[PDB]
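Coming up is one lone chain in structure tokens, specifically the form deposited in one PDB entry.
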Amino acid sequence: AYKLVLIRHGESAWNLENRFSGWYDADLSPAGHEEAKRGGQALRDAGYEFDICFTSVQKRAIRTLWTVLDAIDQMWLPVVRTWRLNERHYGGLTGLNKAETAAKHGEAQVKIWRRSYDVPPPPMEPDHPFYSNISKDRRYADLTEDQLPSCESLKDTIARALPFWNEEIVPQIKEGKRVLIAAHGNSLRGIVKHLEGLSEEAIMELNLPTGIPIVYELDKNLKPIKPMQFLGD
């Protein structure tokens, strides 16, 4: 019986989590930091212990993981950062609010995007204020032309998340290490989907809470032995 914990970062700055933050490396707001502190406290109260930590390369996630580790006094744990856990890449929508998206592209198209699993938003073009910021960012310089996305469908995000899960995270769990994952809504979606074998429509319907420990209890083949349980009051 293995124990796996997910945490999803809370609010980022400038209201960006309602502006398709995506691959833009927004920091937490003071609120989102607070949220992460609460998740840490929860974990501390419950006496949890971990042996390895996995996170994305985006600082809203990393800073949540740091807050948690501090709260529970395991700042000495090994930490592995992978872009494969990055937030979904929203391409040209990244930065816009709901109204600006509708203005730019129309409510029919937005609805189609909001409802599709396989259909990407329009790519981030050079005239986008985040194009160089993200695509020429030092931290992705090792990614081949095909790996570095200009935009992703939920299918795409999950596709590039799972290979890291399988190849890195699964081995450690099998070796009995107690994993903690701090990441973002859509990458955690992909993990959960492969876990609970959910349908496309089902996963699009799932919306994981922020800054809250999500506890999974697993059997010897990594299937959950019961539904996901949360942590707090």
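Residues that one form lacks are left out of the comparison. Under this definition, the rigid core comprises the largest set of C-alpha atoms superposing within 1.5 Å between the forms. One rule holds for the numbers: they count along the sequence shown, beginning at 1.
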| query | finding |
| --- | --- |
| Of 16-24 and 212-220, the stretch whose C-alpha atoms average the higher B-factor in the entry | 212-220 |
| Average Cα temperature factor in the PDB entry - higher stretch of 65-73, 197-205 | 197-205 |
| Residue, from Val57, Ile191, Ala31, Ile181, that the PDB entry assigns the highest Cα B-factor | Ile191 |
| Cα B factor band for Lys111 (lowest, middle or highest third within the chain) | highest |
| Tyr140 CA temperature factor, ranked by third within the chain | lowest |
| Position of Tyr117 among the chain's modelled residues by C-alpha B-factor, lowest, middle or highest third | highest |
| CA B-factor ranking of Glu100, expressed as a third of its chain | middle |
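Below, we refer to the form deposited in another entry, which is not included among the displayed structures.
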{"property": "Conformational change between the shown form and the other one, one of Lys155, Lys104, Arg81, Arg139, C-alpha moving 2 Å or more after core fit", "result": "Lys104"}
{"property": "Rigid core fit then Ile214 CA moved by 2 Å or more between the shown form and the other one", "result": "no"}
{"property": "After fitting the core, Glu17 CA displacement of 2 Å or more between the shown form and the other one", "result": "yes"}
{"property": "Change in CA distance between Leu16 and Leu85 in the other form, which is 3 Å or more, as closer or farther", "result": "farther"}
{"property": "Cα distance between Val192 and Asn18, which in the other form differs by 3 Å or more from this form, closer or farther", "result": "farther"}
{"property": "Large-shift segments between the shown form and the other one, meaning 3+ residue runs whose Cα move 2 Å or more when the rigid core is superposed", "result": "14-18, 98-100, 102-116"}
